[PDB]
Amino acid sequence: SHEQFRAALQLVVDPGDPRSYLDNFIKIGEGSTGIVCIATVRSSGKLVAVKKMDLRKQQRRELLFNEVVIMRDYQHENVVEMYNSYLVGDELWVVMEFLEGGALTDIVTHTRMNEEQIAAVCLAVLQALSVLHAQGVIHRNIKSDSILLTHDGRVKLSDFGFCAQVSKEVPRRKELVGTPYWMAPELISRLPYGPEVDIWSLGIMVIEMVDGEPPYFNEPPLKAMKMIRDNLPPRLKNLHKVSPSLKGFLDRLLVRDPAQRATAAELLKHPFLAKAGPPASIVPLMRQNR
């Protein structure tokens, strides 16, 4: 079935091999689906990013088409740009925008964001999601690792490898997909679910930005899932430090019943987001400036 699956991808990717125009591949990170490198475009000296995914090593091979569906149809300015895809041996390579400021993860684990900064991240994420959700796309992997920055503090949504579509014909999804600590309780419970799962996962990312880590992070993933499934919504460890406006915002995200949870469109009008600073306000958080 692997040689079968390569042949299918071949019909959907761009022809050729980007090794013919890229130099100096350097691995800068990874996920479960594969690795991410920086590369230099030989003729110009421009930097790009390259995601490499081994076809043999996927939980669910069929998700790899997500990368092609989003790249073909669902582009926006708070979303990382995908340029080309190739089949290189047994790997799918995706050549994409290089976000040189790195991932929000490096920030939330090494410094404290203030609320102007938190609100700017949430605004940017929510702008991306309102548009995605309007077109039936659920990201399903919202967390700090999926949010990338430029050198000038602009915020983009990345890693659509786990996304799915919904429609009049297919209004809810059923698959168990995401990162344990960030999964919505309805998704852990295997209830059919929609875009609302991204809003819950966003709330967990707000807890990352306040506390440094998602709830139950000190537990094995399976156990954390049970606790999310069965308990009241998790609390901030640093609850005392946050403003009533941040807490009111967070209470609209971390609502167990998905029909009571706010939508991205609604959230863009919340007063908490009035505190959002410009991209400039994010710049000092980055490793290269700290």
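From 1 onward, residues are counted along the sequence shown.
In this entry, 61-69 shows the higher mean Cα temperature factor of the pair 61-69 and 34-42. As listed in the deposited structure, the average C-alpha B-factor of 74-82 and of 147-155 is greater for 74-82.
Between the residues 49, 246, 225, 254, it is 225 that shows the highest Cα B-factor in the PDB record. Annotation for residue 11: C-alpha temperature factor in the middle third relative to the rest of the modelled chain, per the entry. The PDB entry assigns residue 202 a C-alpha temperature factor belonging to the lowest third of its chain's modelled residues.
Per the deposited record, the Cα B-factor of residue 91 falls in the middle third when ranked against the other modelled residues of its chain.
When the CA B factors of the chain's modelled residues are split into thirds, the value for residue 170 lands in the highest one. Residue 135 sits in the highest third of its chain by CA B factor, as recorded in the PDB entry.
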